[PDB]
Amino acid sequence: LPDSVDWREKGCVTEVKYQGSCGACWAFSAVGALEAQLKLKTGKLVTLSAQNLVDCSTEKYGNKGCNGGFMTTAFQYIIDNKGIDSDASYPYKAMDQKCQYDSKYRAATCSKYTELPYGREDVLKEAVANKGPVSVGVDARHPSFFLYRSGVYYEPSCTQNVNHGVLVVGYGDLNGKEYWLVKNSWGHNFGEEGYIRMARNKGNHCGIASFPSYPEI
Ligand SMILES: *[C@H](CS(=O)(=O)c1ccccc1)[C@H](CCc1ccccc1)NC(=O)[C@H](CC(C)C)NC(=O)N1CCOCC1
């Protein structure tokens, strides 16, 4: 495996989105993972509709729109629905709306999704290097995360109880310190232009490898 990978370098990552006051973190983490698979399979990069998931992947999938959801069951909705629209045709409103999915604007499909072994950062590493960006959950309930500016994030108060859905788009080291490159969904003004580098190999820090999954077209 390479010492480091950054999928943004291979044009597999779209621009950082801003969720607003709607807890759709799980939806953004999900489309972000599918967006990279789309590029790898069709050579094209298009941001997919997080609003589609918030409005359509609901109760049946155990999701609650602006009140929370799961990346795994969001993938399941795309597989069931036979597709998901592009962001351009189905824009983000940061609100719970009626499902207005239109197959005419389908921008991608999903055939399956894989769930990785609990707490195994070594397996997450292989997946990120060989498959693509992986959707993960992390404990982001500490002011230090909200206030993150740069560097490798390590919060001694972090726990395994995850509550935020984000996307791991790479890994590497910063003058030797190992980290996971994570795409957040709180706009460009959060952390490093929207990303945060979290501690890697420090005992499943903040639950980073607790609930990981990735889709496949
Ligand atoms: C996204 C996380 S967030 O809102 O960006 C955030 C902000 C600040 C600090 C930490 C996280 C959502 C929030 C859902 C929510 C929770 C409580 C009140 C209102 C909204 N988180 C989720 O969707 C998580 C993601 C998983 C990876 C854990 N799931 C989730 O909250 N639920 C599962 C489905 O039932 C409802 C709760």
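Residues numbered from 1 in each chain as written, not as in the entry; some residues may be left out. Heavy atoms only, no water.

Glancing now at the environment of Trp 7. If you trace the backbone, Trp 7 turns up in the loop between β1 (5-6) and α1 (25-42). The spacing of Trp 7 and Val 31 is 24 residues in sequence and 15 Å in space, taken between C-alpha atoms. Separated by 2.7 Å, the side chain of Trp 7 and the backbone oxygen of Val 128 make a polar contact. (Helix = DSSP H or I, 4+ residues; strand = E, 2+ residues; numbered from the N terminus. Polar contact = N/O pair within 3.5 Å; in protein donor to acceptor, adjacent residues only side chain to side chain.)

So, about the side chain of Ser 185. Looking at where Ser 185 falls in the secondary structure, it is placed in the loop between β8 (177-183) and β9 (195-199). Engagement of the side chain of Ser 185 in a polar contact is seen with the side chain of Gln 19, the distance being 2.6 Å. Apart from the residues lying within four places of it in its own chain, the contact partners of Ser 185 are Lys 17, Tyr 18, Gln 19, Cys 25 and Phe 28. (Contact = heavy atoms within 4.5 Å.)

For the rest of this paragraph, the subject is the packing of α1 against helix α3 (residues 71-81). In the contact formed by α1 and α3, the axes pass within 9 Å of each other and the chain directions differ by 60°. If you check the angle between α1 and α3, you find them oblique. In this structure, α1 crosses over α3, and the sense of that crossing is right-handed. Contacts between α1 and α3 pair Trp 26, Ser 29, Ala 30, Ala 33 and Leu 34 from the former with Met 71, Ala 74, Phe 75 and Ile 78 from the latter. Of the residues assigned to the contact of α1 with α3, the class counts are eight nonpolar, one polar and no charged. (Axes fitted to C-alpha atoms, helices over the stretch in contact; angles between N-to-C directions. Parallel < 35°, antiparallel > 145°, perpendicular 65-115°, else oblique. Left-handed = near helix turned anticlockwise from the far one by under 90°. Nonpolar A, V, L, I, M, F, W, Y, C, P; charged D, E, K, R; others polar.)

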